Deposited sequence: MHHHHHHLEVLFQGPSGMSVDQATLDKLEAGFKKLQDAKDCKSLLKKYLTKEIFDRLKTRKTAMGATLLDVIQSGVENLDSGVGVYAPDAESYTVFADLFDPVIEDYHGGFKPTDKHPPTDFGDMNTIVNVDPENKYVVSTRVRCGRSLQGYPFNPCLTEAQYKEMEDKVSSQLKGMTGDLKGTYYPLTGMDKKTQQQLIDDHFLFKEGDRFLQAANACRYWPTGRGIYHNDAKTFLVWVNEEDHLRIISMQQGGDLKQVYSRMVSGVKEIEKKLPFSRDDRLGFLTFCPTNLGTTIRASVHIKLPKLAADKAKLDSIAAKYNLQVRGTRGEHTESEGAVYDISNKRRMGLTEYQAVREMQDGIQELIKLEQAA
């Protein structure tokens, strides 16, 4: 049963949303009075309430999305809010649509998109995971932070071969180690006001840590936002090597740590923007001729559902997460980057 202190905070937050006439968040768009009244009395088995979903969007009215998952079951209990948010953010993933089963695909069809190292500075593929049986970061207790860091770090420290490396707890980290990790772009710090208000930064830094392999091509963050962020990266354009290393690491971790996955939504994450495959593939790439015609550049990327940002030089990444397989997402990135390089060469 939801307690009165929580209901009072919920009623005040709903009123705050309605009084902010300039608020444009998906939270405000889809938390109708009818849905609010239906959901405000519900609780997950782990104890999460509607407040553990919406509080960050109430506290940060300029949120784009404004809702987070406090545990895996929340996607079911609060589906009447999550479902239209997901459909809107993911551009047409309807409440009745279903994400395909996991398929990393045929690695032999993924390639080095720039063997000459003429255009691609670096290549990165990232994914995220929640561990089955644990609340998400809005609701982890201090004891759960300690237990899961022990379990995760033990599995990471047992990895061998290309994945052999070093675990660094944030707890007790000294300034020399911090600077070393900053120099490698491997450090994360306390979360921003969106994470803070989502209650994702409690008991800082208990249960938070960093792992990388000896070659510094494989990086794992523990409880930065999701339970696990798993990142593979290297200089140049060998997407085959980068993607296969990420998949190898994900599968090794999974052997002793089962992940939370939903038949409709795929892998379950703290932020609904990261569902489905959870995969973000990106390149840092130099395309100076296409830069002279940014409209043209933006048009090619859009054809392959890629987004182009700064970081002549661009960070180009895939936009799609839901309704396609891991293979399809990485292939979309490979195809798009190949087409961009082709058109740069012909320009």
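**Student:** Which parts of the deposited sequence lack C-alpha coordinates?
**Tutor:** The deposited sequence has unmodelled segments at 1 to 18, 330 to 338.
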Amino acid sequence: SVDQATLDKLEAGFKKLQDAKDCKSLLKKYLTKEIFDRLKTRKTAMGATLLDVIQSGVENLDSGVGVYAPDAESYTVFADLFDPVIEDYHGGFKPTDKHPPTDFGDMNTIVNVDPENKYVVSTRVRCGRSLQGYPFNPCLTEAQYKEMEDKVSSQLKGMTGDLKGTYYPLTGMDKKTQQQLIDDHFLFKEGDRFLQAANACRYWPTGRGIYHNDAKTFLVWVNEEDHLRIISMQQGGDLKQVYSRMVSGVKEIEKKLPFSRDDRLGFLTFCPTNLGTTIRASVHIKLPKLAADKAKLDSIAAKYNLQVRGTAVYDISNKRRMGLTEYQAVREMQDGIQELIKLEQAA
From here on, numbers count along this sequence of modelled residues.
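**Student:** If you average the CA temperature factors over each stretch, which comes out higher, 295 to 303 or 314 to 322?
**Tutor:** Comparing averages over the C-alpha atoms only gives 295 to 303.
**Student:** Comparing average C-alpha B factors as deposited, tell me which of 225 to 233 and 159 to 167 sits higher.
**Tutor:** Stretch with the greater average CA B-factor: 159 to 167.
**Student:** Can you tell me which of 269, 108, 217, 137 has the highest Cα temperature factor in the record?
**Tutor:** Out of 269, 108, 217, 137, the record gives the largest C-alpha B-factor to 108.
**Student:** Could you say which of 61, 50, 283, 69 has its CA atom at the highest B factor, as listed in the PDB entry?
**Tutor:** 61 has the highest C-alpha B-factor of those listed.
**Student:** For residue 115, return the chain-relative third of its C-alpha B-factor as stated in the PDB record: lowest, middle or highest.
**Tutor:** As the PDB entry reports it, the C-alpha B-factor of residue 115 lands in the highest third of its chain.
**Student:** Among the modelled residues of this chain, does the Cα B factor of residue 42 put it in the lowest, middle or highest third?
**Tutor:** Answer is middle: the recorded C-alpha B-factor places it there.
**Student:** Relative to the other modelled residues of the same chain, rank the CA B-factor of residue 238 and answer lowest, middle or highest third.
**Tutor:** It belongs to the lowest third of the chain when residues are ordered by C-alpha B-factor.
**Student:** Relative to the other modelled residues in the chain, which third contains the C-alpha temperature factor of residue 76: lowest, middle or highest?
**Tutor:** Lowest third.
**Student:** Ordered by C-alpha B-factor within the chain, which third holds residue 154? Give me lowest, middle or highest, please.
**Tutor:** Ranked within chain, residue 154 CA B lands in the highest tercile.
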